[PDB]
Each structure stands twice: as C-alpha cells, then as structure tokens.
Amino acid sequence: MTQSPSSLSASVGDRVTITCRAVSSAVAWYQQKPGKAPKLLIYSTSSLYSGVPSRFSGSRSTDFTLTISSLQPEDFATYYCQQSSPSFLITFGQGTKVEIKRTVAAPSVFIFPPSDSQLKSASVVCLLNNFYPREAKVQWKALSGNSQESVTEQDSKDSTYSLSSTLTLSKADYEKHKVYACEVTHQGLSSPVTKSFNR
Amino acid sequence: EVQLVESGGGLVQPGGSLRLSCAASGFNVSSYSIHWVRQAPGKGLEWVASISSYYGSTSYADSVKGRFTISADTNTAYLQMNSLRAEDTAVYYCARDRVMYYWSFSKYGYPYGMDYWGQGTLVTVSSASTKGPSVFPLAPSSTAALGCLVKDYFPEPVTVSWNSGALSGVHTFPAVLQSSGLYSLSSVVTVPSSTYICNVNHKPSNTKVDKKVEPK
Amino acid sequence: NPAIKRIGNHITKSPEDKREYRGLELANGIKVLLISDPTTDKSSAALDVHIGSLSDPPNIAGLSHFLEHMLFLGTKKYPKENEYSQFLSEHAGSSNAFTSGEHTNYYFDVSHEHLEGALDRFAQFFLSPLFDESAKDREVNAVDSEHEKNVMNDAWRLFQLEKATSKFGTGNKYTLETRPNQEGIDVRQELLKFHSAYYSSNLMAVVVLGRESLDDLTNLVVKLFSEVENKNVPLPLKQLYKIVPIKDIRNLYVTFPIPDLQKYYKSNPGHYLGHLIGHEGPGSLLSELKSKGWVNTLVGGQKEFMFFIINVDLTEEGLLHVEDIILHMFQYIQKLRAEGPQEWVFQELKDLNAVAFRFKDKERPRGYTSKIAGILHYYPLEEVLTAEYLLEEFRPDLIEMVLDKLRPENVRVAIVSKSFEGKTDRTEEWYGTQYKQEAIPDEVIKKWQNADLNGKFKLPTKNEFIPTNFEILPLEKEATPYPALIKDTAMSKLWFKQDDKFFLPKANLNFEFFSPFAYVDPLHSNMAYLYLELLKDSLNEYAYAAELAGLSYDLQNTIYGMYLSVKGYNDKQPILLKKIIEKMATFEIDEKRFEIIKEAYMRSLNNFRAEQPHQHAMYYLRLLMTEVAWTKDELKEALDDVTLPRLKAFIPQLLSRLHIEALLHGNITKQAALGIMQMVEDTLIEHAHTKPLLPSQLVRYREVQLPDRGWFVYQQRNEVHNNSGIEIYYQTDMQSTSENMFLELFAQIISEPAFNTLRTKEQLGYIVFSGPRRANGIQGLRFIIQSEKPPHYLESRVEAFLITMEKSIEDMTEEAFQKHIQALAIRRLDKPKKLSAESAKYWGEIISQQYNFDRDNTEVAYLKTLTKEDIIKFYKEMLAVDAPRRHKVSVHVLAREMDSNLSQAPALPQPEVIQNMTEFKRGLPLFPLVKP
Ligand SMILES: [Zn+2]
C-alpha cells in the first residue's frame, strides 16, 4: 500500500533502507533504472532472485524492508515494493528514488522575459542553475495555478540539480501588470532570493 | 534464452483502439501468467491487467474495467485497448510469473516475483495535428545564462544543440505537456561574459530551426 | 554421437549409495537410466511404455492387457515360445509385467553374468513379436483365468464399480474373443494396429542395472534400443452408492475428483494434504471418529485425472452414522481452510523425506528398475532418483488450490456393507456386483458446506520423535560373523549381532515372549489375540508420530506366545520400546474398545470362507501336519465365552511366567543390548511380577509322521469362489545337510519345467507352484494349484509330470546337471541386501531352534559334491509312485459348483479319505524335534 521514503540520498558505500508497509503477509522487490524496464530483486520477502548482488536483503520488522548495505555507484535507481493480493490483483508503491549525495550547493537563479515574437502569436521563465538537494520551492509574484516546472536528472559530475519554472499567461494579462518576481526557497540561501524584473 | 517483446504501440486519436502483443520466446505462455504493467510519464509503476491462461483467468485494474481486454493465443499474449482516454498515454511493459501454474483464485495472495519483463512500448494518446516546433530565445540579466525555448511541437521527440552540437553547461530540460496537448521544453546554457546559435531538431515532422541569442 | 540427443552424467543420489548412474536420451526419443552396481548378485532391466488400458479401442475392451501377454510369446530371432522365460529360469532370473491405466511396464531380473543375453532377448519384444496363432487361443484363457480369480475379490469389484459409473481394462474371454467374433472383428489385426500405433519409441523409458561399467551398459542400451521407431504419437457427482460385498466388511469410501498433480512434484500438495488429513495422532480426524466409536481405521491421500480419497472401516454404530462421519471430515477440512497453509509443516515433511532419502534401504533390483522405469516419463534425468523424495519449493497456492476441490459439491460417497443385501436394485455388468445408487439430498450437502469449527480438531504438533543422532558406532574388536548368545538365563536368551554390512544408523529388536497359557486352548488363544489388538489400538495415537519418524513396530500373537519387533532409527528406539512394554504390563481395558475389537475379530474369523482356494489348501495342510492347531471355526465358537472379567484376569496370568528370546541386530553396542534386555526384564518384573519359566515347560509342537507307502486325501468345499485348489505334499524326512540338498536340488531342477508344462502348455490353471515345504523341523516336496479342472485330474497330471521329470533327469548331461547345481548354489548364497532381510534370516535360524547360522555355506559346499545317481535314487526312494517310502497327502478344495498328446499318467492306488482331522492325527506317529 505505502512505501518510505519518497526518496533517499547517500554516498556510495553507504547503507540504505527502504520500508514498504502493506491477507497477503509477504512482499516483493524490484529495481528500476530510469528509462528501462523493472528488474527483479527479491521475491519471497526473505530470499533474493537469481544472479542478484548479495547486498540486497529483504527484512521485516508489520512493515517490510529492502536493504542495500554496500550500495554501489550503479545501484542509484527507483525501488518498487509490490504486493499480490486476493482476486488476482497486483499493486506497487509510489517508488523510492535513491539519489547520490554530494554536499549542499546554491541555486544560481536567473529569469527570462517573454520573446517579442511570442506575443505576436506570453511565457515568462525562471531558472535555477545548480543546487542540491532536489528540494526547492519557487512561487511567482500576487501568486498561483498557472505554473509549470521541469527538473533535471542529476548531473554526471557534480550531482547537482537544475530547476526550470514556466509562468504562462495570455499577452493581454501580461501587459495588465508591470512587476514580475521570482521567489525561490532552498537550503543554502540565507535570505530567500526574490528576482523581480520590470517593464 | 527466455525474453519478451511488445508490439503494436503508436499514436491513437482518443476514444480509439489498439492491440498490444507481448510476443513470448523461450517459454510457453500457456503455463505461465502474463501481466501488463504501464508506467505513466514521470509517475510510478502502475498495474493494468493479468492473465493465467491455464486456469483461463483474467484480472483488470479498477482504472480500466470495460475498456480493456487481456487475452492470449498459445505463443503470445495480447492486451486489447478500447476507447483510450487521453490519460492512458504511457509506457506498457509486460512480464511473466517466475513460478509456473500460479493459482489465480486465492484468499491469501503470494507475491512471487516476475523475472522477465519486456522493455515496453510507448502508446501516445492525443488528438492533435503533428506540428513543426516553434523556437523562442531568452535574453540575459545585465556568470551569464542564455538559451532557447521550444513551445509548440508534436509528438516526441526533439533534440536541441548549441552551434551544430559544438558546445558543457548545456542543460536541456524534460518536455512538459502543455494544457493544449502539445509539448514544451527549454534548453539553457551558462557561459562566461566575454554569439550563440542553437538548433532545434524535430524529426517526427521533418523540421530544423537555427536561431541565435543576444544580450539585452 | 548421432545416437544420443543428450547425456546428463551427474545424477543426484544419496551419499550412502555406491551404485553409479548415467542418464541419457537416445536419438529416437527414449529416456534411459543406467545403473552400475559391482556388488550385485542379480541384474535387472525394465521398460515402461506410456500407454495402457485407457487407450483401448472402444470395441475391444482389454486389448492392451492382451497385447502385454502377447509380446512374450515369440520373436523372429528367438521363435521358441519360452526361450525367454526358460533362459531366465535357467539363469536364476524371473520376469513379469503389468498394465495400469496410463502405463505398461515390463521388467525382469537374472543372474548378473547373463544380463546381456536376457536383454537381447527382451529387446526383441519391441522389434518383432510373432503373435503366434496358437499362443493367442490359449492365452485368451490365461487372461480369462486371471480375471476369474479376481471375480469374487471385494477390492476389484469396488475398483470397477467406481470406474463404470468407464472401460473394462482387464478383458476376459467374452471381450477378447466372443464379442469380437460376433461382430466381424479380426483380433490379431487389431493387436497389430495397436502395436504399430501406440508402441512408439518416444513413449518409452528404459532402466538397466548390472555389474558392468557405465560404458558397457551404455553400449548395450544404445545397441538394442536405438532402432525402435519414433512416430511422434501425441500423449492421449453428489452420488451415493450402497454396495453388497462378498466378505463381511463394512467400509466407507469418500472420493473427490482433482486435477493431475503429477507436475507439482516439487511441492507435492496432495501428499501434504494426505499427510494432514490422514494423520492418526492426537487431535486428528481418526482420533475423533474412533473416540466416537464409529471407526477403527482411516486412510487419506491421493489415488491415481486423479482423485483424493478418505476411506474408513465401520463399527456397528458407524454404519448408522455415515452422514455425521462425513460431517466431521468436512469440519476437519474446514479447519484446514481456516488455518491456511503452514510453512512449518512443509519444512517438517521436507526434512523427514530428506532424512528418509539419505538413509533409504537398498531396494531389490527388480523393483528399483521397474519403479524408476515408470517414473522416467515424468522427471528430468538428473532428478529421477530424488523427485519422489526431495521437496524444494514451498507452494501454499497449490496446496490451497487442491484444498478448494475438497468440497461437498463434488463429492462421491460409497458405503459397502452386508446390511444392504436384498435392499438393492442395480447390478454391475462385468462382475455382477449388487448395489443401489442415490442422489445425496441437497439438505445434507447444505449442512456439509456449512461444516463448522469444532475445536476437537487441531493440527498435529511438532514430531518429537525425529531422530537427530546418526553416529554409526564402531565395529567391535571381537565382532563375529554370526549372531552371538551374549546372555543366557532362566528368564531370557539374548542373541546379538552388531551390524557389519549395511552401515545405516538403524536397528531391529525382536522378542519372542513364551508362555504356555497363550495357546493352551482356543479360549486362551482368542484372549491373547484380543489382548494384543487392544494394546495396539491403545498405543496407536502415541506410536503414529514414531512411525512417521521411521520407527515402527509389530506386535502379534503366535503359537508360542507373543512377538514384538521394533525397527528403525535407534536414536529414540528404547523410548518407544519402554512405552510398549510398560503398557503391556499395566494395560487397563476400556470396555467399548473391547466390544468393538471383539466384534471386528468375530467378523475376521468369518471372512476366512472368502479366502482363495489355495490359501485354504495351505491352511488345512497346516492343520493336518501340526500336532496341535486350533481351527478358525473352533476359535469363533470359543469366542463367545470371552467377557471383560475373564480377559482382565487372563492378562496378569499370561505375564506371570515367561521366557524371552531376543535378537538385537543393527547399529547398537553389546552394553546397549544388555541394557535394553535388562530394561525389559526389570519392567516386566516390576509391573507384572514375572518369574522365569521352567526349562521343561518350553513345548515345541511336532509334525505328524506319515506311514510308508500311504496316500491320504482331505477334501473340503469352498463356498465362495468358483475355482478349485489342490495341494499335494510328499513328506520326506527330518532336515539334515543331505536330505535338504537332495530336496532342494530336486525342487530347483523341476522348478521351471513344471511352470512351462503344467501352466503354459497344459493350462491347468493360473496359480501353479512347487517347492520345499519346511515346518517343525520336518520337510518335503509340495505342489499348489488353483484351477477350473477337477482335483483328481490335477493329481494325475502332477504324477505324470513327476515321471516325465525322472526320465528327464536320467537323460540329462553332466554339464546341464552342473548348471542346475551352480544355479541352486547362487540362489542359496545370495547375500541379504538390506538390514531386515538379514534379521529375518537370523530370526528364522532362532525360532526353529536349529541355530545353524552357517548352514548356507555347509549346504552349498556339500551340494557341489552331488551327482545324478544320488538324485535318481533319492527320487526312487521317496517320490516315485511305487517308492517304498512314499508319504503323500493331498488337500482338495472343491469349487462351489464342483462335484464330489498328454504324457502318460500312471495308475494310482485308492487313497484313504480323511473324515476327521483329529482321528487322523491320533492314529499316526510324531516326528522328533530337530536337535539344536
Ligand atoms: Zn495379465
């Protein structure tokens, strides 16, 4: 039914533990790499699938728990706890995203005004260069239901994240105002930086 | 060497039809159970339906009851999709049960694994016209950050590189679905303060743009 | 190699097993197992075709059985009708075959040096059979007699009744000859068509066991079986029955259809459920049904599409409570559903099978090859040895799946009881069985579907009897090859031998308790028996765990007292033993149990009338030849004066004076043997106040000594079976080296000619037996026959045969004679292959009080010295029609209906007819007992 946590982060060589709480008094585990199909790790809640690294153990304390003791650099994926229930039914968890942990970085913020030819057919767009962790919060100025936002995958070298925010509004409503501000909250920002722009 | 193959995925106007095939090889579909599991775009693993061809049993998710049909011919399984909503757009994977002759009818379910999955087919469900994309460039704040913006394009996917792929610091974000039914994505690149040309490439439609960006 | 699809050399086996194994598959698709055993005395092979009677043509019921008979009767390469069987006979071998519903299985054994010869002959069966014209008209009679013998057997009638309600697989004269003639059908052609269609190489499995290397075996099997053709032949409710039996029996059969579970061999769900439902420990189904006074016995488990069964015997009260009995069965099953599948139970079962496999007893070659030959169609080469033992995957879903079939809605219930006699309205066609069929009322169904929890039902608990110490004690410095008497007192004689062969952590402990009061008269014999039956019934709950745990016991009354044998792993054996003897010596009888068991015994005394004619003949010859023997009838009569008081008084008296003779043999030390003996003695002294018997009170019974030149006949009628039986006994004299080897050599020489002449040629009957009879230190030559032919004719034919045999012995060459000698020699020198066979041998030496443990070597050494002359004059002295010392007795059992060229039968004298056994005995001398 549920899993814990949303995601986990840590070093290589660290010890990661995922807890999946659930009739059926057992549970199975799969490791999915972003893009590809799932991979089977553990079937009987205790024993692991064939040809799987010995560093994956299924435990139970109640709640069920997958454990990665000697986490490698290629065990950074999403983890799914599945159930099989009466009635022929299957069910998975929301997924545990195991992330690699470098120290704190700071979001290099930048804003971008709508192109001239885009109001001839408007989309304002904030940008967070690099930062760590994936936890940030960007609200647009009065606030906000018309905001879209994409994040990136961790960088191959620094392991930092780059967020992107898109505030879309019809030209009409773009001229109806004059002060557009971007407000980002994050871990290594003393004061929450508010990058306003004017017309 | 056991393995699975999915086939039939494509682009279907909503409330349409599709028939996927989980071509099996290395084992007989008759004494194994074939599951159908679809992942959304950027969301979690979701189960759709399953079939035990020995006990002739089937099982569907509450998300789709009278809009899906799972059947199999003994050496392939087939998931049949009927009237597909705009949200059924996702990637479908199909696996088999590790253990033979799993008893479908049960009171306590036993989580056996699924050892062999397919590498899925992506069915895209949206009713709009294919598009050439639209490029828009972004100016800087007068240690510099500049980039492009592809706002109206369909379907996936597009590649976007700096000066014929000549340029580190290049961050192309993941496409997001416009409330319209079209995709958008922006590509940014951080550079020193001491001209840049980027090219948008869309091959579903044959189309290639090249536009520069300039400060102020 | 083109001839082999693949070779799987490694084959998982017990680490105690020194035989070697090689699996392969031939090009034409045949799975083969090869077994090398350089110790073995006999080699063996078997072949199983995955076709049997379920594939008979709809217009010729019994065809595949018939075919099975016809394959043995001649080939292109060996056209003599019995070249095969005579070869086997002449080389210490034997052969048989059976036909089940989905299998046909042919197997033989032979002296280890002539495997290849036997095998070549065997191979011809599958290449070219003659299907001789003359063979067919006789053998349909052989088949007919096979069915005839079974006609009045209760099990066969139940078997066929269940199937008919559906082909008749056995066949008979009607279905195989009469009806096909009437309908324009050529049977030989049909046989040919069936052989050609279904006997495809792909459906075959062969296993061969021999002294030869794995390579030599490989070449034998490649050579002889590669050429078989492979023609890709595809592999092919709520009723109640009230049945009238032949014997006076009372049974309830409950059966549920299930799917074929064969493929679930890695879990064995049917065995798990059988194990649970069939349990006899505290808390169990049986335990409740028995407490309720409804049932004495219960079996549950899987029976060969398939079925799951639960069968019980019925007390008088039970017969009127069948419906409630079944209600309880459904409650117990509901209990199993409610608790769901139990991993701990599976683990125990898996462990017990694992242990049982590690220390499995070495099989008799013929059975091993036959069995494995059967199961090779179902399992990978590498797993055939272990597939039936080793559980690997726990599969609660399959167990639950099977549990879902044991529901009141697909149940079949059959009750067998004499009470329905006259109350029936249907007749089964093939056997004549009278029964009634009725729908179970939906209300009864409804009640069962709602079977509630009772709580009187609990799963069994951990089996505390599981052995865990398997150390093999080291062989003593002073070890001896035969058992030694290591304690010799007034109360008890203890023979002991530490195992120096088998090396499994097991033992056998045998005790004869002697008391004259066990057999003084019929009443006391009845009481001894009822006593022991009561004791076993009362120990049963406690003893059952032990029995699962490879510890069993046997307790029965004999003409000398009582007999106890405890066998199995010795880790826990003294504990079981101590419980047995302590309870023996302090038994308190429950009245209800007494009444129930007494009633059962009454019926079993009655059921003798339904035994086979030849069983009767053996029984009466036994009565005739022993000084003292109580008849079943006398026991029955005497049975009514057995009351509770009388038994209660009898028991302490029986135990009041005893002598004990024991053989303790296996993995145990001398100190431990003395320990066990002394434990028994002290327990008996403590609780039953036993004192020693006087040397003079150790009566053994003698055998009636028949007068020179006489012939006596004893005649009786069998009221049930429509066949006759005869037994003819030529008593010779007391045992000693030479008389024994004369008789044995003669029996060996005449052994196969008699089968081939009296059965195969002359077709006197299905049962034709000959050999030494040994009793009470005396011996002689016997013939046993069961037939459609009248007894006086059987007599004349046996006598003519005996003369043919004398002539034949005169005419034979020195070398053939030495072949018979060498063959008898090998037969006599055959080493026992497992513990309990050696124990049986020693026990035989002990109970007769001849104690000739090295008899086999003395007698074989002496055997090799003998010539034709000797045997000719022995025969002339003791056996010939005009022999000065002929002593002939005959038992004639007339068929119910029966009234009271061929080589030349001699004129016989008028026999003296025995009118009354007691007069006969009183009027003749008695032999000595044999000196120790
Ligand atoms: Zn037969």
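As summarised from the PDB record, the model derives from X-ray crystallography at a stated resolution of 3.353 Å.

Q: How should I be thinking about the interface of chain C and chain B in this particular structure?
A: Opposite the 16 residues of chain C that make contact, chain B presents 13 residues. For the pairing of chain C and chain B, the buried interface totals around 1,100 Å² over both sides, and the portion due to carbon and sulfur atoms is 53%. Considering only the side of chain C, the residues that lose the most area to chain B are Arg395(C), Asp397(C) and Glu400(C), jointly responsible for 41% of the buried surface there. Taken together, chain C and chain B are joined by one salt bridge. With its nearest N and O atoms 3.9 Å apart, the salt bridge here joins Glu393(C) to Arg98(B). Of all the elements in the fold, those that place two or more residues in the side of chain C that touches chain B are α12 (322–339) and α15 (396–403) of chain C.

Q: I'm lost on the nonpolar core in this one. Help?
A: Most often, soluble globular proteins have nonpolar side chains that are buried together. All names here are of chain C. Formed by 59 residues in total, the largest nonpolar core has its most connected members in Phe511, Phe513, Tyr531, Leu564, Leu647, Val680 and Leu684. For this core, the element with the most residues is helix α17 (residues 522–548), which contributes 10 residues. In this structure, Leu564 is in contact with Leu509, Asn510, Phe511, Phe513, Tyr553, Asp554, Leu555, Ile580, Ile581 and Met584, ignoring residues within four places of it in sequence. Ranked by size, the runner-up nonpolar core spans 58 residues in total, among them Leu273, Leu327, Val402 and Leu406.

Q: Before we go on, may I ask you to explain the environment of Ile375(C) in this structure?
A: Along the polypeptide, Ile375(C) turns up in helix α14 (residues 365–375). For the pair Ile375(C) and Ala439(C), spaced 64 residues apart in sequence, the C-alpha to C-alpha distance is 38 Å.

Q: Even after reading the chapter, I still don't get the environment of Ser9(A), so can you show me in this structure?
A: Along the polypeptide, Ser9(A) turns up in strand β2 (residues 7–10). At a separation of 2.7 Å, a polar atom in the side chain of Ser9(A) contacts the side chain of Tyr132(A).

Q: Sorry, what's going on with the packing of α17(C) against helix α22 (residues 644–654) of chain C here?
A: Each packed pair of helices is defined by two parameters, the angle between the axes and the distance between the axes. All names here are of chain C. The contact between α17 and α22 brings their axes to 10 Å, and the two run at 90 degrees. Here α17 lies roughly perpendicular to α22, going by the angle between them. Contact residues: α17 offers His524, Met527, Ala528, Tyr531 and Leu534, while α22 offers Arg646, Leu647, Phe650, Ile651 and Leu654. Classifying every residue of the contact of α17 with α22 by side-chain character gives eight nonpolar, one polar and one charged.

Q: What should I look at first to understand the sheet that holds strand β6 (residues 56–60) of chain A in this one?
A: Note on sheets: strands pair through backbone hydrogen bonds, and any given pair is parallel or antiparallel. Residues and elements named next belong to chain A. Strand order in the open sheet formed by four strands is β1-β3-β7-β6, and the pairing between neighbours is antiparallel. Two strands lie at the open edges of the sheet, namely β1 (2–4) and β6, each paired on one side alone. Strand after strand, the sheet turns through a mean of 20 degrees between neighbouring axes, direction not considered. Summarising the sheet, strand β3 (residues 16–21) and strand β7 (residues 63–68) pair through six bridges and their orientation is antiparallel. Residue pairing in the sheet places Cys20 in a bridge with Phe64 of β7.

Q: Sorry, what's going on with helix α23 (residues 670–688) of chain C here?
A: All names here are of chain C. The end-to-end C-alpha distance of α23, which contains 19 residues, comes to 27 Å, matching closely the 27 Å that a straight helix rising 1.5 Å per residue would cover. Looking at the packing, one finds that the buried side of α23 touches β15 (484–488), β16 (492–498), β17 (506–514), α18 (573–584) and β20 (657–666). Of the residues one or two after α23, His689 is the one with positive phi, at around 60 degrees.

Q: Help me understand the coordination of the zinc ion, please; the structure alone is not making it clear to me.
A: Six octahedrally arranged donors around a metal ideally form angles of 90 or 180 degrees; four tetrahedrally arranged donors ideally form angles of 109.5 degrees. Residue and element names in this part refer to chain C. Only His65 (NE2), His69 (NE2) and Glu146 (OE) from the protein coordinate the zinc ion, and they sit 2.0 Å from it. Taken in chain order, the donor set of the zinc ion reads H-x3-H-x76-E. Residue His65 is located in helix α1 (residues 63–70), and its partner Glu146 is located in helix α4 (residues 133–150); the two are separated by 81 residues in the primary sequence. For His65, a relative accessible area of 7% gives the class buried.

Q: Sorry if this is basic, but what is going on with the state of the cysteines here?
A: By definition, a disulfide links the sulfur atoms of two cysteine residues through a covalent bond. All told, the structure shown has four disulfides over all chains when counted by the stated rule. Sulfur-sulfur distance for the disulfide between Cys20(A) and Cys81(A) comes to 2.0 Å. Between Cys20(A) and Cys81(A), the S-S torsion sits near 65 degrees, and that sign places the bridge as right-handed. With relative accessibility at 2%, the residue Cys20(A) sits in the buried group. Note on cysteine connectivity: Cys22(B) is disulfide-linked to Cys94(B), with sulfurs 2.0 Å apart. Judged by the sign of its S-S torsion, about 85 degrees, the cystine formed by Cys22(B) and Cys94(B) is right-handed. For the residue pair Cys22(B) and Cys94(B), the accessibility class agrees, reading buried in each case. Taken in sequence order, the bonded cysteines of chain B link in the pattern 1-2, 3-4.

Definitions and limits used
- Residues numbered from 1 in each chain as written, not as in the entry; some residues may be left out.
- Chains lettered and ligands numbered in written order.
- Part of a larger assembly, values for the part shown.
- Heavy atoms only, no water.
- Contact = heavy atoms within 4.5 Å.
- Buried area = accessible area lost by both parts, 1.4 Å probe.
- Salt bridge = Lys/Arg side-chain N within 4 Å of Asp/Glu carboxyl O.
- Helix = DSSP H or I, 4+ residues; strand = E, 2+ residues; numbered from the N terminus.
- Core = buried A, V, L, I, M, F, W, Y, C linked by side-chain atoms within 4.5 Å.
- Buried < 20%, exposed > 50% of the residue type's maximum accessible area, 1.4 Å probe, protein only.
- Polar contact = N/O pair within 3.5 Å; in protein donor to acceptor, adjacent residues only side chain to side chain.
- Axes fitted to C-alpha atoms, helices over the stretch in contact; angles between N-to-C directions.
- Parallel < 35°, antiparallel > 145°, perpendicular 65-115°, else oblique.
- Nonpolar A, V, L, I, M, F, W, Y, C, P; charged D, E, K, R; others polar.
- Pairing = 2+ DSSP bridges.
- Expected span 1.5 Å × (residues − 1).
- Donors = N, O, S within 2.8 Å, 3.2 Å for Na, K, Ca; no water.
- Disulfide = S-S within 2.5 Å.

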